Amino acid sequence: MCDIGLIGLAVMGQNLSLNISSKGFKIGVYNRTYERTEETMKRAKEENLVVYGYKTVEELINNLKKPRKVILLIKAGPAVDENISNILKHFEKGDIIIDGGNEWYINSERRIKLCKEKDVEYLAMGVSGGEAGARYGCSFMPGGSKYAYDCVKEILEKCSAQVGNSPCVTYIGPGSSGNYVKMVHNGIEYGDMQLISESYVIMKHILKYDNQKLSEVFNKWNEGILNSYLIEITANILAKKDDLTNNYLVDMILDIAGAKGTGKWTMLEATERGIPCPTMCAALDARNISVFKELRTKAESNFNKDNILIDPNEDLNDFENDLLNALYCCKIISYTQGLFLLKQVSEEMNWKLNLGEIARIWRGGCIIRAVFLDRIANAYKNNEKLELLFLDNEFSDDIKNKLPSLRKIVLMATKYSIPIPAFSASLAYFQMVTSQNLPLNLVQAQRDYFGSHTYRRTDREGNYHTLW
């Protein structure tokens, strides 16, 4: 009697089941800890929604309409694998499994094959949106069996974030491609947060803004081109006051935030495949450096970081707005890397990704949600062969106009010893990608000198070795 089943009831699983029930579907629900199943049934009652809770997995399977559809929301590990083996004992041909956890795409392919051994269709689907998006509308990135996609197609459209009258869901492609896109989403997310945090330090230590002015400036950026979900919450976060002190709450949070899970994976994949992603290096550098706080505090003791004395006649009259352009400029540079990675891998995997559709479903629901993504989607609507994003005519002119703002931000942060790795990496990236000739001619010569690795020439074909 149920349209769909759901396994795993954290607050994200609870919100999504109420979201599916909220759109008129008969939702079955399971959790190994039964108390969470009941807590979901309580709030369903208080929101005048019906969710059927079961106590064992196999008791849930029996109450779904055929072909059976189950969403998995188990923390990645051996537990997701046990459940799939357990689900397979009772499924038959045509039944559908949907894994919604953040999974390394190789594990999903390996399961996608094991399930076709039993004639079960698998759908590895990334979901982004936090608990709020889980309840009211998030971005679904399902990939795998096209057949499985069409049977769940209705349900995912209505529970996804709605931008205009298009839902934030699309068929990503075959195999484990959806896991991969959700990974690259988290990669871009890591870059945006680092670029934002570097804007926080620049205005705090160069313009000497207090937290109230900082929150006011971020709200003003969120009305302009930098309109984004993360820019909005930074305005809220920097304004929030502590209840246990007179301080601002953000100034009382400890700065140890390591690179967890899906962040490393996109960088590992960029390293292995030779697709450079400098802005994510800088973001991961920043996170990994923060774990060694004890070593950082003894480091600063030896190298005194004194207060920053701004030069009295240094031109800062337009600086806030130059920083606004620099940050926009780095977002173009940072997304150019991310979408380039996705295009290269899509070709190596015969995935046929539609980056116009990937950008479109990221306009709402997900964490990197922003008006800026709607602009990326139009770049691909305008040319689907587009290889680098800043080679679009409108992004081209944006770069040409705002790059001097980026050069001014890096010049001033360098002058006053403010660490800005993501701004530096993005500017350095842009200069290199736009350089027809790079000094790797000397690198090839050095390698031929000591290893006899040969080199190639500008004027003629073939490998050449020189006796130096």
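In case it trips you up, residue 1 is the first one in the sequence shown, and so on.
Trainee: Using the B-factors recorded in the PDB entry, average over the C-alpha atoms of 220 to 228 and of 85 to 93, then report which stretch comes out higher.
Mentor: Higher of the two, by average CA B-factor, is 85 to 93.
Trainee: Which is higher in the entry, the mean Cα B factor of 54 to 62 or that of 406 to 414?
Mentor: Averaged over C-alpha atoms, the B-factors run higher in 54 to 62.
Trainee: If I read the C-alpha B-factors straight from the PDB entry, which of 357, 272, 315, 189 is highest?
Mentor: Within the set 357, 272, 315, 189, 315 shows the top C-alpha B-factor.
Trainee: Sort 76, 280, 193, 379 by C-alpha B-factor from the entry and give me just the highest.
Mentor: Out of 76, 280, 193, 379, the record gives the largest C-alpha B-factor to 76.
Trainee: Quick check on the deposited entry: does the C-alpha B-factor of residue 166 sit in the lowest, middle or highest third of its chain?
Mentor: Highest third.
Trainee: Where does the C-alpha B-factor of residue 198 rank in its chain, lowest, middle or highest third?
Mentor: Middle third, going by the recorded CA B-factors of the chain.
Trainee: Of the three thirds of its chain by CA temperature factor, lowest, middle or highest, which one includes residue 174?
Mentor: Tercile = middle for this residue's CA B-factor.
Trainee: Hey, what third does residue 447 fall into on Cα B-factor, ranked over its chain?
Mentor: Ranked within chain, residue 447 CA B lands in the lowest tercile.
Trainee: Using only modelled residues of the chain, where does the Cα B factor of residue 241 rank: lowest third, middle third or highest third?
Mentor: Highest third - that is where residue 241 ends up once the chain's C-alpha B-factors are sorted.
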